[PDB]
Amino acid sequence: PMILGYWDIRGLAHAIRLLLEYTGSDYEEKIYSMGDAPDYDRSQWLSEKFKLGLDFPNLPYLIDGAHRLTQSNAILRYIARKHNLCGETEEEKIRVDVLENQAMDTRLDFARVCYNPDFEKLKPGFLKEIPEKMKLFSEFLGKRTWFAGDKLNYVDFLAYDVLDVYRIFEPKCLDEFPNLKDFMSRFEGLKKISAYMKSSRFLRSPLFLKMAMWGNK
């Protein structure tokens, strides 16, 4: 089976878990636990990090036979090729490339704020940036079934995970965009995703590592 290495948090492995479950891949998770406060000890990973044959050692990682990957985007693209979940037309590939990159920008915009000691003073400002962030995703999807079009795609896993993080922070932030509200429901209604969510394997939280000012529990 595949090995997904990551911390015992949700973080950048959420979309990879969802794609591994959607695609029915045979995987196990190699879980690393970060020590508690003052130190936030990483030696559970730091002692294995250079012993795994990885080119740029990092978390998450994916071992699949002879292939060892880091970088979650590279990992999603690797599973997506295995199961033909990449764009088919030029227009699809452009939408998939733009949204994958835009989704990481959108994710880090919020992670910069939570990982910041000034979280409480930046939060009112950040809250007011959220509707315009969400309107961009809303208009991009339009009346499409999935973000790249009719066919589901790995970027839908990224868009689902990033849009899900925002509504956990601001629960009303999708209320004014029904096509996004509906895209989330249709994503959670997929048979193998819904089964996964009703299983013990599902890890809802923490969203971030222990030292973040939000989503650390």
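Start at 1 with the first residue shown and count on from there.
Inset, instruction - Pick between 168 to 176 and 32 to 40: the one whose mean CA B-factor in the entry is higher. - result: Looking at the record's C-alpha B-factors, the answer is 32 to 40.
Legend entry - Residue range whose averaged C-alpha B-factor is higher in the record, 118 to 126 or 75 to 83: 118 to 126 has the higher mean C-alpha B-factor.
Inset, instruction - Please work out which residue in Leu163, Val155, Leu54, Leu190 has the highest C-alpha B-factor recorded for this crystal structure. - result: When the deposited C-alpha B-factors of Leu163, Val155, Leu54, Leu190 are compared, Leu190 is largest.
Inset, instruction - Going by the recorded CA B-factors, say which third of the chain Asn58 sits in, lowest, middle or highest. - result: Tercile = lowest for this residue's CA B-factor.
Inset, instruction - Check where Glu132 lands among this chain's C-alpha B-factors and tell me if it's the lowest, middle or highest third. - result: It belongs to the middle third of the chain when residues are ordered by C-alpha B-factor.
Legend entry - Among modelled residues of the same chain, the CA temperature factor third for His14: Middle third, going by the recorded CA B-factors of the chain.
Legend entry - Assigned third (lowest, middle, highest) for the C-alpha B factor of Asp109: CA B-factor rank for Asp109: middle third.
Legend entry - CA B-factor placement of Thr70, once the chain's modelled residues are sorted into thirds: Bottom third by C-alpha B-factor.
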